[PDB]
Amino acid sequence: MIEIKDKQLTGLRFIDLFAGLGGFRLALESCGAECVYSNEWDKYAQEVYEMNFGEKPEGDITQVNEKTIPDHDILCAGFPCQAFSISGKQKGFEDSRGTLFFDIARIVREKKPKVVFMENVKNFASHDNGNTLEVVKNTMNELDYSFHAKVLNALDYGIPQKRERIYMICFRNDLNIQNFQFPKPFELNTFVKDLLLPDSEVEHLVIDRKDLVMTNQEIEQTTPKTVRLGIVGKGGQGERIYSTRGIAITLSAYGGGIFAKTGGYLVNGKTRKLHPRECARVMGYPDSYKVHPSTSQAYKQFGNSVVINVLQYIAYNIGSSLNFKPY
């Protein structure tokens, strides 16, 4: 994460829905805002959260009486994506995990906050001939809010990882906000090799498979892109090897393969996966954040998460707009 000097959101309140590790809380707090309510139903996600923030989130949002929820100015939500991803079955609104958006709509109807801030995968903007996106837009306009949306890549915002996601921002109509803008990209200067831990700490993660087929030559000059150098088995998900002189592939939550969830990399002459701390760094978390004692739950948590840096820039732009009020 980055350091923020000018605290644009001081004085405001927000809620943390579909919480996870709490990536949305770290970003809004750095800008000055206060959290007054959080929700998340996973047993192990509730444990890490409490370890880092000192409070246990409330359970299953579908059984909560929205009238029970505190007053607030901004609603934060990074809802489930398994039903919308190109790696799954694209069932969408017909999937048991695909109707969470309607619970959000229901809460907004009662609480009517100033801003609603959501996040999902890239394919959300295309799914079902574009019907899925128009439905989200229409619901929001019907509730008296404006609708801004765009797809952004983490490699353009200072983090060495190829992660393309859609971001959706909505302002209440009586506020007449006419000057909101997504942030502008900038040159990358950090690569995978610059975030690695020492060899004496990851010996246990090295893999030696005899069906390895090196297909490309290592590069000596860094680049802002993924550079494949070889393969194992048939070369499907989790069986591909990359150079640390480029950028990292997308981290995942339910993925398989011998190099599961992180992918494989070439370090000092051998092939290995990434460690939980190296995972925290490619998502922008600081070294002071405590990871879960179970290595398996830690990999899954980081794979479902958000890149903090991209959220800090966007949150600052929301505040700049709310603060411009001339006579």
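The term rigid core refers to the maximal set of C-alpha atoms that superpose within 1.5 Å between the two forms. One-based numbering along the sequence shown.
- Farther on average from this form in 7 other deposited structures of this protein lies stretch 223 to 231, the comparison being between 159 to 167 and 223 to 231 by RMS Cα distance after core superposition.
- Between 75 to 83 and 175 to 183, the larger root mean square Cα shift in 7 other deposited structures of this protein, once each structure is superposed on the rigid core, falls on 75 to 83.
- Of the two segments, 283 to 291 and 40 to 48, the one listed with the higher mean B-factor is 40 to 48 (C-alpha atoms only).
- Two stretches are in play, 269 to 277 and 66 to 74, and the higher mean C-alpha B-factor belongs to 66 to 74.
- Listed residues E119, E201, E239, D128 were ranked by CA B-factor as deposited; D128 comes out on top.
- The residue among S85, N179, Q161, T139 whose C-alpha carries the highest B-factor in the deposited model is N179.
- Sort the modelled residues of the chain by CA B factor and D194 lands in the lowest third.
- When all modelled residues of the chain are sorted by CA temperature factor, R165 is found within the lowest third.
- The deposited CA B-factor of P57 belongs to the highest third of values across its chain.
- Ranked by C-alpha B-factor against the other modelled residues of its chain, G246 falls in the middle third.
- Among the modelled residues of the chain, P80 sits in the lowest third by CA temperature factor in this PDB entry.
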